[PDB]
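Below is one structure, written out as structure tokens; comments come after it.
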Amino acid sequence: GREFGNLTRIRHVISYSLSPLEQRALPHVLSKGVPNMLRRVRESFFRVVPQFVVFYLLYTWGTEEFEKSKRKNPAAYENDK
Amino acid sequence: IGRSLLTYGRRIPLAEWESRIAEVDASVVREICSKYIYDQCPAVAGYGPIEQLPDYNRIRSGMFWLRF
Ligand SMILES: CCCCCCCCCCCCCCCCCC(=O)OC[C@H](COP(=O)([O-])OCC(O)COP(=O)([O-])OC[C@@H](COC(=O)CCCCCCCCCCCCCCCCC)OC(=O)CCCCCCCCCCCCCCCCC)OC(=O)CCCCCCCCCCCCCCCCC
């Protein structure tokens, strides 16, 4: 079936490659890779983060409320006698 | 004559070529083939419908045997 002899039909594309032993494995990290990671974080920040911030607010609120609910109310004894 | 005087500095007679040929033997072939072919990086060129031409790593790994 699917085999490297007849996958698709292409015309007029040229490629060039070096061998691994001719070139470096980690050529430019701090001059190219770091800024690229930075933009890659920039492009997705506001699509992911705010939902989790909202989750954090909800969690803390619900915890606080549950913990208030367990403390004794002075009006339950002071009001009528 | 012309090519020889440019490349070698001198005409090499057929007798000398015969003497050089007579010295080769299977041991010499083994040695020299190993000296230029075995575990080396090749240069490759392809033109045409060449989807099935193996990847360069696959070609490089074909230049040596694991059982040797
Ligand atoms: C578990 C988790 C799973 C999930 C993980 C998730 C993540 C996974 C991600 C990764 C996925 C990877 C997928 C696989 C990729 C495979 C790639 C591939 O195949 O490439 C093809 C690759 C590409 O080349 P090609 O283009 O096809 O060209 C073919 C040419 O012929 C090329 O010619 P060549 O000469 O260059 O190479 C040929 C030769 C190259 O190999 C060699 O010549 C030797 C290689 C190094 C030495 C290995 C020797 C192992 C010997 C057997 C174990 C005994 C060791 C000693 C202890 C003795 C104990 C009594 O290899 C062979 O002929 C194949 C067999 C080699 C071993 C010989 C023994 C065969 C029988 C095995 C069963 C024995 C059971 C009984 C054992 C005794 C009793 C306990 O070529 C190969 O043929 C590669 C060979 C790979 C062999 C692997 C052998 C593994 C098994 C070892 C034994 C296990 C049993 C041990 C039992 C306990 C005793 C110790």
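Residue numbers begin at 1 in each chain, while the letters A, B, ... track the order of the sequences. Reckoned from all heavy atoms, side chains included, excluding hydrogens, waters and symmetry mates.
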Which answer fits [X], side chain, backbone, both or neither, if we ask what part of it has an atom under 4.5 Å from a heavy atom of chain B?
{"X": "A:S19", "value": "both"}
{"X": "A:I10", "value": "neither"}
{"X": "A:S15", "value": "neither"}

Query raised in the report: Do B:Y56 and B:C41 come within less than 4.5 Å of each other through their side chains, counting heavy atoms only?
Result: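 Result yes, sub-4.5 Å side-chain heavy-atom pair found.
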Query raised in the report: Crowded around A:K70 NZ? As in, over 12 foreign heavy atoms under 6.0 Å?
Result: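 Count over threshold, so yes.
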Query raised in the report: So, does B:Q40 use its side chain to make a donor-acceptor pair with the main chain of B:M63 at under 3.5 Å?
Result: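 Not at all, since once roles are kept as given, no pair shorter than 3.5 Å links the two residues.
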**Report entry** Any donor-acceptor N/O pair, A:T60 side chain to A:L57 backbone, under 3.5 Å
**Finding:**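 Answer holds: yes.
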